[PDB]
Amino acid sequence: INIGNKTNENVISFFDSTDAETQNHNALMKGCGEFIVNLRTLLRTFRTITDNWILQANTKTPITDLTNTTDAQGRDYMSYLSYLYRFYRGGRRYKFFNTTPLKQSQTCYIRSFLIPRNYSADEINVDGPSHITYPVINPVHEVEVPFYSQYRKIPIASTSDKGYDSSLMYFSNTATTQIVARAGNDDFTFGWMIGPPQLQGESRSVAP
Amino acid sequence: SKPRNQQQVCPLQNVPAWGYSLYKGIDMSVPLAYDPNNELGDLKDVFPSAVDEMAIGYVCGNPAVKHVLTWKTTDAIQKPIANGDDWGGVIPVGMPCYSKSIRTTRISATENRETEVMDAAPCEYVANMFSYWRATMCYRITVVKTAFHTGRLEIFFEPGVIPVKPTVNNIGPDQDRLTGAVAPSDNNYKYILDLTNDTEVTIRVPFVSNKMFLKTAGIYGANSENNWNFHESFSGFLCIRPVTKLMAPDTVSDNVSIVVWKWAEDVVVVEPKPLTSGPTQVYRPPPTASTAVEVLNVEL
Amino acid sequence: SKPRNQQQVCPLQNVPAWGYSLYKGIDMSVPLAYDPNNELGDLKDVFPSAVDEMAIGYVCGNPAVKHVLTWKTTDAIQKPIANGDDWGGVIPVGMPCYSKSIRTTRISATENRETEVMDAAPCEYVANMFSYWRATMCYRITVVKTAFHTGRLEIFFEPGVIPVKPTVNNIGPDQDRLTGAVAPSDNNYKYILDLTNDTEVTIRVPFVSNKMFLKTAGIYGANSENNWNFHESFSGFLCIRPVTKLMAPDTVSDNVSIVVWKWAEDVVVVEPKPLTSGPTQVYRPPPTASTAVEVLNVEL
Amino acid sequence: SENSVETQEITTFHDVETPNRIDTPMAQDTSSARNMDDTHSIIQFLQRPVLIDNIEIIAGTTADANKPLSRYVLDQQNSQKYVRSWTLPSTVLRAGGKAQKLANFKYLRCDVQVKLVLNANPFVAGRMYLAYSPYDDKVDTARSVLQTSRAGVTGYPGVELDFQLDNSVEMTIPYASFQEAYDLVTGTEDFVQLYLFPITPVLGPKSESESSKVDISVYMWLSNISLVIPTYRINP
């Protein structure tokens with residue numbers, strides 16, 4: 001009753017029919033089947049990051065010409081959980097779906113290579129671990145970049161250091177417009193939780 | 001020594017990347033490496049925690065401040081705090097978002113763009129990914145008082161439809177229906193905290209409303225036109241209205257603060273797609289107010 | 001006796017040569033032979049050694065001379081040997097190359113071609129293949145003296161950034177900063193050899209600089225413009241500067257020789273691709289100085 | 001007679017013979033400085049708390065120290081308003097004369113402690129929040145603490161800073177960098193960058209000539225340190 005303050009923490013509860021963990025199994029067994037637990041499992045599913053990427057013919061294009069753009073939006077699960085965390089380790093699987101009006105007077109093919117991060121086009125070589133597909137017989141390019149880093153983990157959008165882990169270079173022959181989808185590899189995981197930034201809603205843009 | 005073929009004709013379907021949107025099953029992505037058995041190590045000595053930092057039991061178990069209230073001697077009793085918050089005294093129980101702020105820029109002399117900007121608790125931020133939810137909510141209401149402020153404060157649940165005010169661009173709660181003597185608090189689940197020496201309380205609200213899962217639309221596109229999804233997303237509201245008025249001497253200040261924290265335990269979700277009529281666009285703050293934000297569209 | 005098909009539909013993707021750049025996994029190359037079980041013998045009686053001659057523990061464990069120094073009575077004390085070597089007294093610890101010579105031919109009346117030609121230790125020559133390295137270095141410094149030359153010679157490590165001089169086409173070390181009394185050698189790891197009767201020393205330098213792997217760029221494209229990769233490739237330098245001046249009578253010669261050997265133990269590497277901005281072109285010496293070398297380009 | 005290789009701290013010699021060394025006849029103990037204090041190691045010396053900052057708040061308030069946390073941040077001009085910004089470990093290393101005691105070393109593996117001694121009168125209420133954000137001025141603009149909403153600021157790690165319940169906080173800011181063992185010579189360390197936010201405005205009687213003060217102070221010291229490679233340089 002005296003003049004002062006205490007803390008006396010009270011976890012007082014409302015409705016207390018049954019244990020919560022028991023009803024959640026019974027609720028998902030009749031409504032879902034699938035039981036989503038860990039967000040590490042959502043970095044294994046290939047969500048499409050773009051719908052159209054019109055690549056100019058005969059140019060060794062790094063994916064960082066698209067990754068700097070498409071890590072802002074958070075459309076996929078890699079860049080939407082780029083805001084709840086700070087570090088990451090693990091390689092990024094990429095799949096490329098061809099959507100080109102192909103022409104019979106050419107033999108279309110697709111290459112792929114490695115560059116370290118954030119280098120430009122001409123300042124890297126080409127003999128490395130490669131992969132090749134032929135989109136007449138195989139429209140999907142099934143490529144996984146490994147995790148070849150100097151450091152054990154990487155923060156997002158670092159300082160003036162560059163070329164400290166590896167990523168993809170994408171070479172074609174014809175002006176192939178595609179779909180690009182991605183997720184992390186088997187050992188891709190974030191860490192070091194922070195609080196989340198904001199969200200953006202609908203932009204109907206009424207006149208007055 | 002070179003016999004004939006004894007195996008049957010293996011049937012065939014040409015499906016490149018069969019079922020790519022599943023977290024299980026061996027995938028045909030070619031590693032650009034030296035070794036096919038490319039094995040990174042475990043999670044030892046990399047991230048400086050030992051807590052598994054990605055389980056939804058831990059991501060949504062992260063407390064965030066939602067409301068900061070100003071409870072005055074001017075304010076009456078048996079009536080929630082109407083402050084132009086605008087929710088404030090009526091906190092909707094439920095995991096997805098319920099609030100929004102509207103950014104009004106200019107394009108031409110008679111056309112503008114109203115972009116909805118939402119706040120994001122970490123319980124809210126996960127739920128935007130998924131479509132249908134089910135979670136046991138939590139709230140830790142704390143009074144920021146001196147040694148001399150006393151009083152009795154009531155927090156009571158109410159299941160079902162939240163009273164609202166549809167406007168041209170937002171939904172505000174309706175304090176005309178929660179006053180009186182026209183909405184008693186004698187049959188609801190309630191807690192009557194005491195400002196004499198008790199300060200904090202945590203009010204766990206389990207999930208009960210006539211359906212197996214609610215929706216994660218929340219406040220996206222909630223207005224005079226499209227407000228069905230806002231009703232079918234919460235299972236009601238807490239309501240903080242005072243039983244007894246604030247007793248404060250002239251020395252201490254007449255304004256106290258009520259900070260409403262929020263998280264969600266035992267969270268389960270249904271589909272890995274957004275139920276909203278737009279992609280998961282993360283709001284990037286513009287440098288100058290005359291600049292607008294790029295809008296993601298729905299063509300393929 | 002001829003029943004119906006019971007097997008499911010086997011899914012399909014048409015990938016000829018799936019994952020060809022891996023040293024493991026059964027490959028579909030057709031042998032042009034008589035027997036499918038074409039088995040060459042083991043390594044018995046073929047190569048006249050019994051040492052496994054391709055392991056990186058043995059290839060990089062091959063000693064090579066890097067520097068031949070001339071240490072004079074004219075040269076001062078507490079200052080490294082600046083001889084126009086130009087590195088000489090400042091040997092950068094690290095596996096990839098650090099030196100280059102420039103070949104200047106003529107094309108037109110006002111245009112020339114400057115081709116960088118590097119020396120190659122066998123520890124250096126392996127590292128050009130790979131991108132990122134990590135290795136415990138070794139150096140065997142030997143004094144070529146008479147029976148009458150004496151003195152005390154100091155070799156001290158220094159971790160981090162090597163002092164340099166960026167020029168138009170090469171990087172030279174900076175002996176203005178390693179002299180004095182402006183750069184003491186009292187806190188570094190050091191060894192003080194004695195020229196009285198001791199001759200040789202092997203100075204093993206393990207790998208310590210704040211990263212899991214350095215880079216294998218070295219001196220390729222190292223100039224006034226592009227010299228970030230040269231700093232992030234070494235973890236510092238040894239430095240051979242004399243404590244006490246060379247004492248030599250008039251009978252014996254005033255010049256002694258210091259031969260710096262080099263290899264690398266416990267070598268591990270990361271990627272099988274060159275980090276440099278060019279393919280692994282091996283320098284072929286032209287017959288006459290007026291002839292130039294074919295240059296590998298980057299188109300496909 | 002042939003093998004004279006002796007070892008100092010980090011230093012080795014190579015002579016022909018052991019150079020006929022003479023020494024003390026008997027090493028008798030002398031004046032009692034050993035009996036007055038035990039020797040403080042260099043890992044023991046970088047665990048002393050230092051008085052860094054002394055923050056005074058009056059409500060008030062004309063100044064920025066009681067602008068409350070914004071519910072929404074719509075543009076980068078109207079960023080989140082704070083009290084002070086400590087850019088660790090470049091603040092804790094320079095202050096307290098520590099950097100003139102870890103000279104001639106190269107790499108450091110520290111954990112920064114932070115304590116807030118707080119001392120205010122009973123007639124004043126309020127609440128603050130002490131958040132830290134690594135790479136807060138290195139990452140892209142949208143990911144910093146100063147651009148997110150009030151629910152996003154508080155969702156960062158930290159501790160409550162209520163007046164009447166908490167006269168002391170203990171926060172352990174971990175080794176939170178990607179580089180192994182912080183560089184010192186030519187240092188641009190600034191990895192974890194601390195903040196101090198007021199959630200509610202500080203409240204007192206609106207009649208003035210009353211002096212409602214707060215008077216926060218900040219103590220920092222390192223922990224779990226390892227200091228390894230010797231050099232000859234250092235940054236001034």
# chains A, B, ... in the order shown; residues from 1 in each chain; ligands from 1

$ select_by_dssp --residues "segment 117-299 of chain B" --states "strand (DSSP E)" --output "PyMOL selection string"
chain B and resi 117-118+132-138+140-144+150-158+164-166+171-173+190-194+200-204+214-215+237-247+256-269

$ residues_around --residues "residue 170 of chain A" --least-positions-apart "3" --cutoff "9 Å" --atoms "only C-alpha atoms" --output "PyMOL selection string"
chain A and resi 59-63+110-114

$ atom_distance --atom1 "atom CA of residue 58 of chain A" --atom2 "atom CA of residue 75 of chain A"
28.7 Å

$ residues_around --residues "residue 64 of chain D" --least-positions-apart "5" --cutoff "8 Å" --atoms "only C-alpha atoms" --output "JSON list (two decimals) with N, CA, C and O atoms, in the first residue's frame"
[["chain", "number", "residue", "atom", "x", "y", "z"],
["D", 81, "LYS", "N", 13.22, 9.88, -34.87],
["D", 81, "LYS", "CA", 13.96, 10.79, -33.99],
["D", 81, "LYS", "C", 14.41, 10.07, -32.73],
["D", 81, "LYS", "O", 13.63, 9.34, -32.10],
["D", 82, "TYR", "N", 15.67, 10.29, -32.36],
["D", 82, "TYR", "CA", 16.34, 9.55, -31.29],
["D", 82, "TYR", "C", 16.98, 10.53, -30.30],
["D", 82, "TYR", "O", 16.73, 11.74, -30.37],
["D", 83, "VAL", "N", 17.78, 10.01, -29.38],
["D", 83, "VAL", "CA", 18.49, 10.85, -28.42],
["D", 83, "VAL", "C", 19.96, 10.95, -28.81],
["D", 83, "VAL", "O", 20.43, 12.03, -29.16]]

$ closest_atom_pairs --of "chain A" --to "chain D" --cutoff "12 Å" --atoms "only C-alpha atoms" --output "JSON lines"
{"residue": "A:3", "atom": "CA", "partner": "D:122", "partner_atom": "CA", "distance": 9.7}
{"residue": "A:4", "atom": "CA", "partner": "D:164", "partner_atom": "CA", "distance": 8.1}
{"residue": "A:5", "atom": "CA", "partner": "D:165", "partner_atom": "CA", "distance": 6.7}
{"residue": "A:6", "atom": "CA", "partner": "D:165", "partner_atom": "CA", "distance": 7.0}
{"residue": "A:7", "atom": "CA", "partner": "D:165", "partner_atom": "CA", "distance": 7.3}
{"residue": "A:8", "atom": "CA", "partner": "D:165", "partner_atom": "CA", "distance": 11.1}
{"residue": "A:68", "atom": "CA", "partner": "D:140", "partner_atom": "CA", "distance": 10.7}
{"residue": "A:71", "atom": "CA", "partner": "D:140", "partner_atom": "CA", "distance": 10.6}
{"residue": "A:72", "atom": "CA", "partner": "D:142", "partner_atom": "CA", "distance": 8.7}
{"residue": "A:73", "atom": "CA", "partner": "D:142", "partner_atom": "CA", "distance": 10.9}
{"residue": "A:74", "atom": "CA", "partner": "D:142", "partner_atom": "CA", "distance": 11.9}
{"residue": "A:79", "atom": "CA", "partner": "D:143", "partner_atom": "CA", "distance": 11.7}
{"residue": "A:80", "atom": "CA", "partner": "D:143", "partner_atom": "CA", "distance": 11.7}
{"residue": "A:81", "atom": "CA", "partner": "D:143", "partner_atom": "CA", "distance": 11.6}
{"residue": "A:82", "atom": "CA", "partner": "D:143", "partner_atom": "CA", "distance": 8.9}
{"residue": "A:83", "atom": "CA", "partner": "D:143", "partner_atom": "CA", "distance": 6.5}
{"residue": "A:84", "atom": "CA", "partner": "D:143", "partner_atom": "CA", "distance": 9.2}
{"residue": "A:85", "atom": "CA", "partner": "D:143", "partner_atom": "CA", "distance": 9.6}
{"residue": "A:86", "atom": "CA", "partner": "D:134", "partner_atom": "CA", "distance": 8.1}
{"residue": "A:87", "atom": "CA", "partner": "D:178", "partner_atom": "CA", "distance": 8.3}
{"residue": "A:88", "atom": "CA", "partner": "D:178", "partner_atom": "CA", "distance": 10.1}
{"residue": "A:89", "atom": "CA", "partner": "D:178", "partner_atom": "CA", "distance": 10.8}
{"residue": "A:149", "atom": "CA", "partner": "D:178", "partner_atom": "CA", "distance": 11.3}
{"residue": "A:150", "atom": "CA", "partner": "D:179", "partner_atom": "CA", "distance": 9.2}
{"residue": "A:151", "atom": "CA", "partner": "D:178", "partner_atom": "CA", "distance": 6.4}
{"residue": "A:152", "atom": "CA", "partner": "D:178", "partner_atom": "CA", "distance": 6.8}
{"residue": "A:153", "atom": "CA", "partner": "D:178", "partner_atom": "CA", "distance": 5.7}
{"residue": "A:154", "atom": "CA", "partner": "D:178", "partner_atom": "CA", "distance": 6.1}
{"residue": "A:155", "atom": "CA", "partner": "D:178", "partner_atom": "CA", "distance": 7.0}
{"residue": "A:156", "atom": "CA", "partner": "D:139", "partner_atom": "CA", "distance": 6.3}
{"residue": "A:157", "atom": "CA", "partner": "D:139", "partner_atom": "CA", "distance": 5.1}
{"residue": "A:158", "atom": "CA", "partner": "D:139", "partner_atom": "CA", "distance": 6.2}
{"residue": "A:159", "atom": "CA", "partner": "D:138", "partner_atom": "CA", "distance": 6.4}
{"residue": "A:160", "atom": "CA", "partner": "D:138", "partner_atom": "CA", "distance": 9.9}
{"residue": "A:161", "atom": "CA", "partner": "D:179", "partner_atom": "CA", "distance": 11.6}
{"residue": "A:164", "atom": "CA", "partner": "D:179", "partner_atom": "CA", "distance": 11.2}
{"residue": "A:191", "atom": "CA", "partner": "D:176", "partner_atom": "CA", "distance": 11.2}
{"residue": "A:192", "atom": "CA", "partner": "D:176", "partner_atom": "CA", "distance": 8.7}
{"residue": "A:193", "atom": "CA", "partner": "D:156", "partner_atom": "CA", "distance": 8.0}
{"residue": "A:194", "atom": "CA", "partner": "D:156", "partner_atom": "CA", "distance": 4.8}
{"residue": "A:195", "atom": "CA", "partner": "D:155", "partner_atom": "CA", "distance": 4.0}
{"residue": "A:196", "atom": "CA", "partner": "D:152", "partner_atom": "CA", "distance": 5.1}
{"residue": "A:197", "atom": "CA", "partner": "D:148", "partner_atom": "CA", "distance": 5.0}
{"residue": "A:198", "atom": "CA", "partner": "D:148", "partner_atom": "CA", "distance": 6.0}
{"residue": "A:199", "atom": "CA", "partner": "D:148", "partner_atom": "CA", "distance": 9.7}
{"residue": "A:200", "atom": "CA", "partner": "D:74", "partner_atom": "CA", "distance": 10.8}

$ closest_residue --among "B:136, B:254, B:88, B:259" --to "residue 74 of chain B" --atoms "only C-alpha atoms"
B:254

$ residues_around --residues "segment 54-56 of chain A" --least-positions-apart "3" --cutoff "12 Å" --atoms "only C-alpha atoms" --output "PyMOL selection string"
chain A and resi 50-51+59-63+65-66+98-101+110+170-180

$ closest_residue --among "B:7, B:253, B:276, B:290" --to "residue 144 of chain B" --atoms "only C-alpha atoms"
B:253

$ closest_atom_pairs --of "chain C" --to "chain D" --cutoff "10 Å" --atoms "only C-alpha atoms" --output "CSV"
residue,atom,partner,partner_atom,distance
C:152,CA,D:14,CA,9.2
C:154,CA,D:13,CA,9.7
C:156,CA,D:11,CA,9.4
C:157,CA,D:231,CA,8.4
C:158,CA,D:231,CA,6.0
C:159,CA,D:231,CA,6.6
C:160,CA,D:185,CA,8.2
C:161,CA,D:186,CA,8.8
C:182,CA,D:232,CA,9.8
C:183,CA,D:232,CA,6.8
C:184,CA,D:232,CA,6.4
C:185,CA,D:232,CA,6.8
C:186,CA,D:232,CA,7.6
C:187,CA,D:232,CA,6.0
C:188,CA,D:231,CA,5.3
C:189,CA,D:10,CA,5.6
C:190,CA,D:11,CA,5.5
C:191,CA,D:12,CA,5.4
C:192,CA,D:13,CA,5.3
C:193,CA,D:14,CA,5.3
C:194,CA,D:15,CA,6.0
C:195,CA,D:15,CA,9.0
C:196,CA,D:16,CA,7.2
C:197,CA,D:16,CA,6.7
C:198,CA,D:16,CA,7.3
C:201,CA,D:14,CA,9.9
C:208,CA,D:229,CA,8.2
C:209,CA,D:180,CA,8.3
C:210,CA,D:180,CA,4.6
C:211,CA,D:180,CA,5.7
C:212,CA,D:180,CA,7.9

$ write_last_selection --atoms "N, CA, C and O atoms" --output "compact mmCIF listing (two decimals), in the first residue's frame"
# COMPACT_ATOMS: atom_id res chain seq x y z
N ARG C 152 74.71 -9.87 -37.81
CA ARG C 152 73.42 -10.27 -37.27
C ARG C 152 72.35 -9.77 -38.23
O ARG C 152 72.36 -8.60 -38.60
N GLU C 154 68.13 -9.71 -39.26
CA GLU C 154 66.80 -9.80 -38.67
C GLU C 154 65.74 -10.01 -39.74
O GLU C 154 65.72 -9.30 -40.74
N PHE C 156 61.59 -10.14 -39.70
CA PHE C 156 60.41 -9.95 -38.88
C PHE C 156 59.15 -9.92 -39.73
O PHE C 156 59.14 -9.33 -40.81
N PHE C 157 58.10 -10.55 -39.22
CA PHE C 157 56.79 -10.54 -39.84
C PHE C 157 56.12 -9.19 -39.60
O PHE C 157 56.53 -8.42 -38.73
N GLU C 158 55.11 -8.90 -40.41
CA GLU C 158 54.19 -7.80 -40.18
C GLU C 158 52.86 -8.18 -40.81
O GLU C 158 52.81 -8.45 -41.99
N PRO C 159 51.78 -8.24 -40.02
CA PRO C 159 50.48 -8.56 -40.61
C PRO C 159 49.77 -7.33 -41.17
O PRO C 159 49.83 -6.24 -40.59
N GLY C 160 49.09 -7.51 -42.29
CA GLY C 160 48.18 -6.51 -42.84
C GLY C 160 48.62 -5.88 -44.15
O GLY C 160 49.11 -6.57 -45.05
N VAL C 161 48.45 -4.57 -44.25
CA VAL C 161 48.66 -3.85 -45.50
C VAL C 161 50.16 -3.64 -45.74
O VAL C 161 50.88 -3.14 -44.87
N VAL C 182 61.25 5.02 -37.84
CA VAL C 182 59.89 5.45 -38.15
C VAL C 182 59.01 4.20 -38.23
O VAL C 182 57.78 4.30 -38.22
N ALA C 183 59.64 3.03 -38.32
CA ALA C 183 58.97 1.76 -38.26
C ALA C 183 59.83 0.80 -37.43
O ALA C 183 60.72 0.15 -37.96
N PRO C 184 59.59 0.75 -36.11
CA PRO C 184 60.39 -0.13 -35.27
C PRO C 184 60.05 -1.60 -35.47
O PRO C 184 59.01 -1.94 -36.03
N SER C 185 60.95 -2.46 -35.01
CA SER C 185 60.78 -3.91 -35.10
C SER C 185 60.88 -4.55 -33.72
O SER C 185 61.51 -5.60 -33.55
N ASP C 186 60.25 -3.92 -32.74
CA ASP C 186 60.35 -4.36 -31.35
C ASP C 186 59.13 -5.13 -30.86
O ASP C 186 59.20 -5.78 -29.82
N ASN C 187 58.02 -5.05 -31.59
CA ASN C 187 56.80 -5.76 -31.21
C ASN C 187 56.40 -6.88 -32.17
O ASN C 187 55.58 -7.72 -31.80
N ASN C 188 56.98 -6.92 -33.36
CA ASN C 188 56.70 -7.99 -34.31
C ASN C 188 57.37 -9.29 -33.90
O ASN C 188 58.35 -9.28 -33.14
N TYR C 189 56.82 -10.41 -34.38
CA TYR C 189 57.52 -11.70 -34.37
C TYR C 189 58.78 -11.60 -35.20
O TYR C 189 58.69 -11.17 -36.34
N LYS C 190 59.92 -12.01 -34.68
CA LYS C 190 61.18 -11.85 -35.39
C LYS C 190 62.12 -13.00 -35.12
O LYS C 190 61.91 -13.78 -34.20
N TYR C 191 63.17 -13.07 -35.93
CA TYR C 191 64.26 -14.02 -35.74
C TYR C 191 65.56 -13.32 -36.06
O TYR C 191 65.68 -12.69 -37.12
N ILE C 192 66.54 -13.46 -35.18
CA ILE C 192 67.81 -12.74 -35.32
C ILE C 192 68.87 -13.78 -35.63
O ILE C 192 69.43 -14.40 -34.72
N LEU C 193 69.16 -13.98 -36.91
CA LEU C 193 70.16 -14.99 -37.26
C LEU C 193 71.57 -14.44 -37.08
O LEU C 193 71.77 -13.22 -37.02
N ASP C 194 72.52 -15.35 -36.98
CA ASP C 194 73.91 -15.03 -36.70
C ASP C 194 74.79 -15.57 -37.82
O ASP C 194 74.80 -16.77 -38.09
N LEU C 195 75.53 -14.68 -38.47
CA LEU C 195 76.38 -15.09 -39.59
C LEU C 195 77.75 -15.63 -39.17
O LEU C 195 78.62 -15.81 -40.02
N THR C 196 77.98 -15.88 -37.88
CA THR C 196 79.29 -16.34 -37.43
C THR C 196 79.54 -17.79 -37.85
O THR C 196 80.52 -18.08 -38.53
N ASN C 197 78.65 -18.68 -37.45
CA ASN C 197 78.68 -20.06 -37.93
C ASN C 197 77.34 -20.62 -38.40
O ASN C 197 77.31 -21.63 -39.10
N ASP C 198 76.24 -20.00 -37.99
CA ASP C 198 74.92 -20.40 -38.45
C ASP C 198 74.75 -19.87 -39.86
O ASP C 198 75.22 -18.79 -40.18
N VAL C 201 68.08 -20.86 -42.14
CA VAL C 201 66.93 -20.83 -41.26
C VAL C 201 65.69 -21.08 -42.11
O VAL C 201 65.64 -20.67 -43.27
N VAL C 208 47.16 -16.15 -40.64
CA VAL C 208 46.32 -15.35 -39.76
C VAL C 208 46.05 -13.97 -40.35
O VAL C 208 46.90 -13.09 -40.30
N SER C 209 44.86 -13.82 -40.95
CA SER C 209 44.30 -12.49 -41.22
C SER C 209 42.80 -12.54 -41.38
O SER C 209 42.31 -12.78 -42.48
N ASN C 210 42.09 -12.37 -40.26
CA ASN C 210 40.66 -11.96 -40.18
C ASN C 210 39.63 -12.43 -41.23
O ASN C 210 38.55 -11.84 -41.32
N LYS C 211 39.96 -13.46 -41.99
CA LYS C 211 39.11 -13.99 -43.07
C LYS C 211 39.41 -15.46 -43.20
O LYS C 211 40.48 -15.93 -42.82
N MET C 212 38.48 -16.19 -43.77
CA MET C 212 38.66 -17.62 -43.90
C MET C 212 39.57 -17.95 -45.08
O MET C 212 40.32 -18.93 -45.01

$ select_by_dssp --residues "segment 3-35 of chain A" --states "alpha helix (DSSP H)" --output "PyMOL selection string"
chain A and resi 20-31

$ interface_residues --of "chain C" --to "chain A" --cutoff "8 Å" --atoms "only C-alpha atoms" --output "ChimeraX atom specification"
/C:13-16,19-21,132,211-214,270-279,298

$ write_last_selection --atoms "N, CA, C and O atoms" --output "CSV table (one decimal), in the first residue's frame"
chain,number,residue,atom,x,y,z
C,13,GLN,N,13.1,-35.3,-67.8
C,13,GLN,CA,13.7,-34.1,-68.3
C,13,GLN,C,14.8,-34.4,-69.3
C,13,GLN,O,15.6,-35.3,-69.0
C,14,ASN,N,14.8,-33.7,-70.4
C,14,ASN,CA,15.8,-34.0,-71.4
C,14,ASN,C,17.1,-33.1,-71.2
C,14,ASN,O,17.2,-32.0,-71.7
C,15,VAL,N,18.0,-33.6,-70.4
C,15,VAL,CA,19.3,-32.9,-70.1
C,15,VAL,C,20.4,-33.8,-70.6
C,15,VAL,O,20.9,-34.6,-69.8
C,16,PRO,N,20.9,-33.6,-71.8
C,16,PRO,CA,22.2,-34.3,-72.2
C,16,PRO,C,23.4,-33.7,-71.4
C,16,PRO,O,23.5,-32.5,-71.3
C,19,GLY,N,25.4,-32.1,-65.5
C,19,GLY,CA,26.5,-32.0,-64.5
C,19,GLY,C,27.8,-32.6,-65.0
C,19,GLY,O,28.2,-33.6,-64.4
C,20,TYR,N,28.4,-32.0,-66.0
C,20,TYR,CA,29.6,-32.6,-66.6
C,20,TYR,C,30.9,-32.1,-65.9
C,20,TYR,O,31.9,-32.7,-66.1
C,21,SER,N,30.8,-31.0,-65.1
C,21,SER,CA,31.9,-30.3,-64.5
C,21,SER,C,32.2,-30.8,-63.1
C,21,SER,O,32.7,-30.1,-62.3
C,132,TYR,N,40.2,-18.8,-54.3
C,132,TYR,CA,40.5,-18.4,-52.9
C,132,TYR,C,41.4,-19.4,-52.3
C,132,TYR,O,41.2,-20.6,-52.5
C,211,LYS,N,40.0,-13.5,-42.0
C,211,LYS,CA,39.1,-14.0,-43.1
C,211,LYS,C,39.4,-15.5,-43.2
C,211,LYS,O,40.5,-15.9,-42.8
C,212,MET,N,38.5,-16.2,-43.8
C,212,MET,CA,38.7,-17.6,-43.9
C,212,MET,C,39.6,-18.0,-45.1
C,212,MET,O,40.3,-18.9,-45.0
C,213,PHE,N,39.5,-17.2,-46.1
C,213,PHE,CA,40.4,-17.4,-47.3
C,213,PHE,C,40.8,-16.0,-47.9
C,213,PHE,O,39.9,-15.1,-48.0
C,214,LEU,N,42.0,-15.9,-48.4
C,214,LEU,CA,42.4,-14.7,-49.2
C,214,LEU,C,42.1,-14.9,-50.6
C,214,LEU,O,41.5,-15.9,-51.0
C,270,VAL,N,39.6,-23.2,-52.9
C,270,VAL,CA,38.2,-23.1,-52.9
C,270,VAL,C,37.5,-23.4,-54.2
C,270,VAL,O,36.8,-24.4,-54.3
C,271,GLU,N,37.7,-22.6,-55.2
C,271,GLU,CA,37.0,-22.8,-56.4
C,271,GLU,C,37.9,-23.1,-57.6
C,271,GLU,O,39.0,-22.5,-57.7
C,272,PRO,N,37.5,-24.1,-58.4
C,272,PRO,CA,38.3,-24.4,-59.6
C,272,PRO,C,38.0,-23.4,-60.8
C,272,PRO,O,37.7,-23.8,-61.9
C,273,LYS,N,38.2,-22.1,-60.5
C,273,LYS,CA,38.2,-21.1,-61.6
C,273,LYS,C,39.2,-20.0,-61.3
C,273,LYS,O,39.4,-19.7,-60.1
C,274,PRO,N,39.8,-19.4,-62.3
C,274,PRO,CA,40.7,-18.3,-62.1
C,274,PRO,C,39.9,-17.0,-61.7
C,274,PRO,O,38.9,-16.7,-62.3
C,275,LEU,N,40.4,-16.3,-60.6
C,275,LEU,CA,39.7,-15.1,-60.2
C,275,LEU,C,40.2,-13.9,-61.1
C,275,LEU,O,39.5,-12.8,-61.1
C,276,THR,N,41.2,-14.1,-61.9
C,276,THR,CA,41.8,-13.0,-62.7
C,276,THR,C,40.8,-12.6,-63.8
C,276,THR,O,39.9,-13.4,-64.2
C,277,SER,N,41.0,-11.4,-64.4
C,277,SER,CA,40.3,-11.0,-65.6
C,277,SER,C,40.9,-11.4,-66.9
C,277,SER,O,41.1,-10.6,-67.8
C,278,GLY,N,41.2,-12.7,-67.0
C,278,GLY,CA,41.8,-13.3,-68.2
C,278,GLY,C,41.9,-14.8,-68.0
C,278,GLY,O,42.0,-15.3,-66.8
C,279,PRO,N,41.9,-15.6,-69.1
C,279,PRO,CA,42.1,-17.0,-68.9
C,279,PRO,C,43.6,-17.4,-68.5
C,279,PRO,O,44.5,-16.5,-68.5
C,298,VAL,N,37.6,-12.8,-74.6
C,298,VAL,CA,36.5,-13.3,-73.7
C,298,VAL,C,35.2,-13.6,-74.3
C,298,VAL,O,34.2,-13.8,-73.6

$ residues_around --residues "segment 94-96 of chain C" --least-positions-apart "2" --cutoff "6 Å" --atoms "only C-alpha atoms" --output "MDAnalysis selection string"
chainID C and resid 124 127 216 218 234

$ atom_distance --atom1 "atom CA of residue 82 of chain C" --atom2 "atom CA of residue 238 of chain C"
14.3 Å

$ interface_residues --of "chain B" --to "chain C" --cutoff "8 Å" --atoms "only C-alpha atoms" --output "NGL selection string"
:B and (10-18 or 30-36)

$ atom_distance --atom1 "atom CA of residue 87 of chain B" --atom2 "atom CA of residue 202 of chain D"
22.9 Å

$ residues_around --residues "segment 208-222 of chain D" --least-positions-apart "6" --cutoff "7 Å" --atoms "only C-alpha atoms" --output "count of residues only"
27
